[PDB]
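In: My sequence and its experimental structure, below.
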Amino acid sequence: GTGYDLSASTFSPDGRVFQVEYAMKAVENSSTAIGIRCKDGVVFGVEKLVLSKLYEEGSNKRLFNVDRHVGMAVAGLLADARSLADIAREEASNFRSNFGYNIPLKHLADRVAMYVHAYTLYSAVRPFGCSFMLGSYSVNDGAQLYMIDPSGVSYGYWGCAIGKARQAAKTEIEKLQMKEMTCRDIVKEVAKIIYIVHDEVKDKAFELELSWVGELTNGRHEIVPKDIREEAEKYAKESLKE
Amino acid sequence: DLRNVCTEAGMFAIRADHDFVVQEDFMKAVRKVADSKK
Amino acid sequence: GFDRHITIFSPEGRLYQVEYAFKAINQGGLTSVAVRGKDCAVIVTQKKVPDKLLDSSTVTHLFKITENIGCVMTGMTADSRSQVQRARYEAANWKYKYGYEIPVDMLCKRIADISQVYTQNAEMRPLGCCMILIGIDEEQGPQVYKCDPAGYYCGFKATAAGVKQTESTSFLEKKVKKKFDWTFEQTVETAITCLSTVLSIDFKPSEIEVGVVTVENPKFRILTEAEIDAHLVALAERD
Amino acid sequence: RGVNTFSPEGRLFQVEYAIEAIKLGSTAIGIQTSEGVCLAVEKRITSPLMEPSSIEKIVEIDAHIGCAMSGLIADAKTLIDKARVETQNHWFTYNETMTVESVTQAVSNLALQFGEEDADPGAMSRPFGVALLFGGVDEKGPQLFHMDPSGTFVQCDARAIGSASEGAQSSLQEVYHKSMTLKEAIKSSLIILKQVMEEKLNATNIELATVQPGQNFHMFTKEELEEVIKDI
Amino acid sequence: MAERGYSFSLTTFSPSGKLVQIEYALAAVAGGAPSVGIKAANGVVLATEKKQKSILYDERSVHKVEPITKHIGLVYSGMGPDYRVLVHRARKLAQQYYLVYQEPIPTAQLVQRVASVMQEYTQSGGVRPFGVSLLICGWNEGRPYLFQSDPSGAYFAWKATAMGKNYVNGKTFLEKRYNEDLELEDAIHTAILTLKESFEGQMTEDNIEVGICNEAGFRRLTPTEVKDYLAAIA
Amino acid sequence: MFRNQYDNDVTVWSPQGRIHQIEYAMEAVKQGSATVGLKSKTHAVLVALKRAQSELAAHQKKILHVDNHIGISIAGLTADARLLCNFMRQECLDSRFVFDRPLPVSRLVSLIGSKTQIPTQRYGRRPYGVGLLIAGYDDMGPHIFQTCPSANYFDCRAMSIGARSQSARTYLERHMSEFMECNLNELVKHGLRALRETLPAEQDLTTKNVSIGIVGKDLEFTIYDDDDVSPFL
Amino acid sequence: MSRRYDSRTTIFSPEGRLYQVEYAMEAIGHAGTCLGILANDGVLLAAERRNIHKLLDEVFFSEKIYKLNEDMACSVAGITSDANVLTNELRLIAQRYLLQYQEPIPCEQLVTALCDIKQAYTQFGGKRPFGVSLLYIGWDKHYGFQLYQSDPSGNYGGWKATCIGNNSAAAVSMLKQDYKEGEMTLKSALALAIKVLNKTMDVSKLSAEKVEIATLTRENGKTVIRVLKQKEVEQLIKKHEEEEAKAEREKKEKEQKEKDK
């Protein structure tokens, strides 16, 4: 006995508790999501592993919305992410009406940041084991991308990625342009990255999922399915087969 | 500790069948060693 | 004694758990230093990143608590950010209720009491952070107050932060004999110099982050590159 | 060591224990026949300076539903107070008859309150240690249910519960029939009740009751019990 | 939780019949910088030592003597944060109760309130008692003064006492030297001597803090004033 | 070891980050009865097995009329199930009072989930150890969901709970394509066959244990009980 | 879980009693001797004073003897800290009764309140128990003088004379002998206390400063409360000492008279 799995309201010889490290191991144990921000907007893309044919998606995904201007994606356990999220939209909404403004991305983050840190000080409520990726395009500020960790740490990003693949993805991402052309071009590019990432994950099929907040979307949050998803896929299939 | 990373990069080149290295082998090598460590 | 799910009085005289907060309070390699003059009070920090897939225009470890007051935090990030939010509310409230400005010292003492209770609970731990308060009072002049999360706070002639504090202390004492002989900028220069010796890094324009409090202004401002480079250049000329 | 635990098996600990407590009590017998329900019990005795005249364990909930209870007897005293009232409340509200089954459900909701956790709202730390054989007559005719300490109800036409239950139930099978006379039954019941005993067969440790449509819930008197003895 | 935790106390009856946590606090007390008190009868003297350990300090910033009221003052040995907090609650209670009435504070009543707060924490769990010992010093009329308050929750009257490191040894010195009629200036000379004997790391006009209760209660000595006494007899 | 440790913490996290509580919960679903779920997506059927503890008993129901357009089968202990069912009926009642709309069963299922999940996320609550196959005929057709006491909500076109669930799954995948968007009759036959796969299969088919329940385009909640399944056999 | 911090306190065991209850008793035993003698005239109360020094002060005679009423007083045996909390509630209930009933509270009723508090804790409360014993010196206007005793175990008694504190067994025995059923006056009692007190004391010298003595008598109001002064106490002691010397001397004369050894 270590004497501190039992707690979650105290210090340890490692400082923070073992329970908090573990929550960080579990997100990495999940699938793989990336995000790329640009000057015209921000793109989200996520890999979903296929289980069997019986099943079908219709309310359980991995891409989630916040409000009606905010895009949300996560790694970790599905049920818990959904629980965090329903409350966030609601908290955002009371603000939205009350101050009369359409909430910032930055303010939303602060509100979530504070919740998670409070749960680390107590042993009443075990933490979430998710990592949440959020961001959009603000009409007068730009695109801003943030990622919040279960480790009580959050930052503003040009790219962020999570999953088993994390290290490797950030390397490829790191290789590319700051501007990265136009958003549309990025839809194709992100698809190559996922396409190639899957050779490393391949034990069964996958489904490619892409989303966007674009200048053309006019800052709203929408999914990219349709022919648009398929072309980016064809371009990856031509280039390599991996 | 650094020497091992250098040699590590060198294995991946033999795998690639080149006497020619890239920046990538060093980035990956360094991370490989870091994890394995205390 | 039993640290296992409770904290008690011990013959140890301290607590293993309180020491552990003192010990790991940084998990990176930043170091900080703060000096006090009658011309300025300056805090010098770093800017560092691991990659460039990350932004650095929102990344900061210097907080503007309010117009007059500034706060640099050494602590776990989660804990540093929480405490700021709590403080921001408490200050504002003190302004509303009293109608007068909140003294720097007053905040440090109030916050200290909040730390202390948590030390009595064996159902909750204190936040892990050292908070350095700096400000310009019109009631004793500029004021520099450091807190530690034992409930201890005191005002100092200058102080240093990071894990190499004692090493920085040695330079500081030498310096602190004469410091009222420094004019404005020359305060700043010396302040850069003592972090560069410890840390053993001759700074670069995007690695350093000097924050200054200025007397005869209620400004806390982080300095522009031109001024920051002007100093850096200034030590070259004496080398 | 919580008792708020679900258990690694996933089969809660406390419920299992209750069955053991029950194996320690008496034997209670029910046969419901084509017309009428009979419930027979052992109320026992031990010493000569005792008055079991005083004692009972078969109660009428109302004049058309009854119950026999078995187990940690003090708990059943709590259990009945709640039920009896709830039935009576339905008469205030609609002045009408309740089903044996509706009554049995209501009491099973109350069976789950154990713990102070968040699967059960606390009031109790543990459950009722008793099983009950719930009888009644309505338009669905005479029926019998076995109230299981596992907070669940199963329907029955014949049942024994008690220490002797394993044997008794076997014995109960041969004598049971889908159609058999009510009076005939009472004699059949008497035979199983005789077999279990070590102590004397007298009308001062065993009790019969039946419900028939033509005369309501009736508790059987001593003089009546003595006659039943004579026949077998 | 938010109401769960430990309802019973950490402290517990022993087959010893002693209270473990309580025993530890005498140790907690022990660690304190040297303290003394002299009652000059017409006056009162309390004194202590400010240790110093970082040259980096400002002013004479925080004290170790704070006024509760304009007539009673506290000084202590034990843990500093506990002291600040202890003073705040009491200080609040002293003003509120004695502005209902216009009568000035009786000494015993303050002691009764400090001890209760200390005692409730012994009764209840989750929170631990404070591990400080106080010297309640005041002046009022012709009454007796100079009182001691334990982390135990107990009180006693004294003419003289000492706290801090090597408490037993200093008290034995104190016992012999302190007798009969003395003067307010005279009591100060003695207290410095008794503190020096306990330990001197040095004494300056900033290692010493002396306060008295005499004319119109508590008055704070100037730094020069004390220094005059150091020369008056080193 | 530390089996008792992992029971004692409902806030449990291990080196492998597993939560044992969920694990326990899964074993409890497998302890229950046998139930299948099937839909064409214009009709939906569920064959459910209702069993009896002994000879002199008669079978206990595991098909619950939750509403006159929505319904469930339970698989796991009877007592917890009753408690959940009241909450869901009342949630249907206010929908009718206030909104006068049936409300998507999809929307409903998701809401129930949260309220359970949050007490696992803190002190108290043991697992509820009943899994469900929830059916309902909504606006966009029938839909089928599996609710788990792990609050794992999934829509499937067919599913199964009960020991040897997998067996029947494999047959459902095989016959899957044959199901199409027609025939009542066919779905039931496959169900009767499929249900045989779930059982040990030494037990021969019986009309007193089986029970058939349908909802469909113009159908609402109907149960075929005992002998009543013989016409459709 | 939601509780697991505990050490499984304040529960029963095959002991068939309660461990914690038992523990307290030994601590009572430590504390300075207090004696109650009840007579047909008055009530004599004496208590033996613990540690006193010259740096220590006397601010009252009251330092073991506490007035709960203007006809009740008690000697408390137990740690100071607990006792002052308890004492205040006891004073307070008399005042309720005084408000309503408009005349003093019965002694027996006041003793009943203390046991009720304790008992609640032992069935269940969440707050640790305590342990205090009081010896009650009290009067009434239709039941005459009362002396009672309370213990934390929820057993209280009434006594003609009882003693508790250090050397409880020996003191009780001696007390039983010197006593006479009725036929007792204050003057007889003055001697009786000291004689028993000296035999329990280890310090061979006896002095008025190690003792506190008081009597509660009647004459006026309901009672006259007497707190005995140090010169008067010293006088009793010397007079008494001279009597022990005198007894011893008579005995030596009888031994010589039998035939010396």
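Out: Received it, and whenever you're ready, just let me know what you need. Numbers count the residues shown, from 1 in each chain, chains lettered A, B, ... in the order given.

In: Whichever helix in chain E runs longest - contacts with which helices or strands?
Out: With secondary structure taken from DSSP state H, chain E has its longest helix at helix E:80-100. Packing partners of helix E:80-100 (3 or more C-beta pairs under 8 Å, 6 or more residues apart in numbering or on different chains; DSSP states H and E): helix C:104-120, strand E:72-78, helix E:107-123, strand E:132-138. Where you see a C-beta, it was placed from the backbone N, CA and C, and this is true even at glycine.

In: 10 Å instead?
Out: Judged by 3 or more C-beta pairs under 10 Å, 6 or more residues apart in numbering or on different chains; DSSP states H and E, helix E:80-100 is in contact with helix C:104-120, strand E:66-67, strand E:72-78, helix E:107-123, strand E:132-138.

In: Between strand E:132-138 and that helix, find me the angle.
Out: Comparing the axes of helix E:80-100 and strand E:132-138 via axes from the mean of the first three to the mean of the last three C-alpha atoms, to 10 degrees yields an angle of 40 degrees.

In: What are the buried residues along helix E:80-100?
Out: Within helix E:80-100, the residues that count as buried by 16 or more other C-beta atoms under 10 Å in any protein chain shown are E:80-87, E:90, E:93-94, E:98.

In: Now do stretch E:74-87: distance from first to last residue.
Out: 8 Å (C-alpha to C-alpha, to the nearest Å).

In: neighbours of the residue of chain C found nearest chain G, just the number please.
Out: Residue of chain C nearest chain G, by C-beta to the nearest C-beta: residue C:5 (5.5 Å). Residue C:5 has 17 neighbouring residues, counting by other C-beta atoms under 10 Å in any protein chain shown.

In: Wait, it touches residue A:7, no?
Out: Yes: Residue C:5 is in contact with residue A:7 according to C-beta atoms under 10 Å; the separation is 5.9 Å.

In: list residues touching both of the two?
Out: Here residue C:5 and residue A:7 share the contacting residues A:123, C:123, scored by C-beta atoms under 10 Å, 6 or more residues apart in numbering or on different chains.

In: right, and the helices and strands packed on helix E:80-100 - which one's nearest chain F?
Out: helix C:104-120 (20.2 Å).

In: mind listing the strands for chain C?
Out: Secondary structure of chain C (DSSP state E): strands at C:32-36, C:40-46, C:62-64, C:70-75, C:129-136, C:142-147, C:153-155, C:158-161, C:208-214, C:220-222.

In: for chain A, same thing?
Out: A:32-37, A:42-49, A:55-56, A:63-66, A:70-76, A:130-138, A:142-148, A:154-157, A:159-163, A:206-213, A:222-224.

In: Ok, which of these comes nearest chain F?
Out: Of those, nearest to chain F by C-beta to the nearest C-beta is strand A:55-56, at 5.2 Å.

In: contact partners of that closest one?
Out: F:143-144, F:146, F:154-159.

In: give me that answer again for 6 Å
Out: Residues from elsewhere that reach strand A:55-56, judged by C-beta atoms under 6 Å, 6 or more residues apart in numbering or on different chains: F:155-156.

In: chain center to that strand, what's the gap?
Out: Strand A:55-56 has its C-alpha centroid displaced from the chain centroid by 23 Å (C-alpha atoms, centre = their mean, to the nearest Å).

In: ok, now stretch D:14-23?
Out: 16 Å.

In: That one near chain F at all?
Out: No: applying C-beta under 6 Å from any C-beta of the partner chain, one finds stretch D:14-23 separated from chain F by no less than 9.7 Å.

In: what's across from the residue nearest to residue G:193 when sequence neighbours are not counted in the sheet?
Out: Closest residue to residue G:193 apart from its sequence neighbours, by C-beta to C-beta, 6 or more residues apart in numbering or on different chains: residue G:46 at 4.6 Å. Residue G:46 has these beta-bridge partners by DSSP bridges: residue G:35, residue G:213.

In: All the helices of the chain, residue numbers only.
Out: If you meant another chain, say so; for now it's chain A. According to DSSP H, the helices that chain A contains are A:18-29, A:78-99, A:105-121, A:166-174, A:183-201, A:226-239.

In: meant chain B, my bad for not saying
Out: B:2-16, B:23-36.

In: Next, format those helices as JSON lines and append distance to residue A:40.
Out: Listed next are those as JSON lines, based on distance: least, C-beta to C-beta, whole Å:
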{"stretch": "helix B:2-16", "distance to residue A:40": "37"}
{"stretch": "helix B:23-36", "distance to residue A:40": "29"}
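
In: possible to save these as CSV with distance to chain G?
Out: Shown next, in CSV, are the helices of chain B (distance: least, C-beta to the nearest C-beta, whole Å):
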stretch, distance to chain G
helix B:2-16, 47
helix B:23-36, 35
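
In: With distance to residue C:136 and mean neighbour count as extra columns, can I get these in TSV?
Out: Putting the helices of chain B into TSV (distance: least, C-beta to C-beta, whole Å; neighbours: other C-beta atoms under 10 Å in any protein chain shown) gives the following:
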stretch	distance to residue C:136	mean neighbour count
helix B:2-16	47	13
helix B:23-36	44	14
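
In: Between the ones you listed, which one is closest to chain E.
Out: helix B:23-36 (37.6 Å).

In: mind checking how far the residue in chain B that chain D sits nearest to is from chain C?
Out: Closest contact between chain B and chain D, by C-beta to the nearest C-beta, is at residue B:35 (34.1 Å). According to C-beta to the nearest C-beta, to the nearest Å, residue B:35 and chain C sit 15 Å apart.

In: who's in contact with that residue?
Out: Residue B:35 neighbours (C-beta under 6 Å, 6+ apart): none.

In: Residue C:74 is nearest to which of the helices of chain A?
Out: helix A:105-121 (16.8 Å; C-beta to C-beta).

In: Closest to chain A out of the buried residues of helix E:80-100?
Out: Using C-beta to the nearest C-beta, these come closest to chain A at residue E:81, 17.3 Å.

In: which residue packs closest to that closest one, ignoring adjacent ones?
Out: Using C-beta to C-beta, 6+ apart, the closest residue to residue E:81 is residue C:151 (3.1 Å).

In: tally of neighbours for that neighbour?
Out: 24.

In: so it touches residue C:116, yeah?
Out: Yes: counting by C-beta atoms under 6 Å, residue C:151 sits close enough to residue C:116 to count as a contact (4.2 Å).

In: Between these two, which contacts overlap?
Out: By C-beta under 6 Å, 6+ apart, the residues touching both residue C:151 and residue C:116 are residue E:81.

In: three-state assignment of the residue of the stretch 151-261 of chain G found nearest chain F?
Out: Nearest residue of the stretch 151-261 of chain G to chain F: residue G:152, at 35.2 Å (C-beta to the nearest C-beta). Here residue G:152 is recorded as coil under DSSP: H, G, I helix; E, B strand; the rest coil.

In: Around chain D, pick out the residues from chain B.
Out: So chain B never meets chain D (C-beta under 6 Å from any C-beta).

In: need the contact list for the residue most central in space within chain B.
Out: For chain B, the residue nearest the mean C-alpha position is residue B:9 (2.5 Å; C-alpha atoms, centre = their mean). Residues in contact with residue B:9, defined by C-beta under 6 Å, 6+ apart, are B:25-26, B:29.

In: what's the spacing between the residue of chain C closest to chain G and chain D?
Out: On the measure of C-beta to the nearest C-beta, residue C:5 and chain D end up 15 Å apart.

In: Run through the residues that contact that residue.
Out: Residue C:5 touches A:6-7, G:5, counting by C-beta under 6 Å, 6+ apart.

In: tell me the secondary structure for whichever residue of chain E sits closest to chain F?
Out: As assessed by C-beta to the nearest C-beta, chain F sits closest to residue E:1 within chain E, at 6.3 Å. Assigned with three-state DSSP, residue E:1 falls in the coil class.
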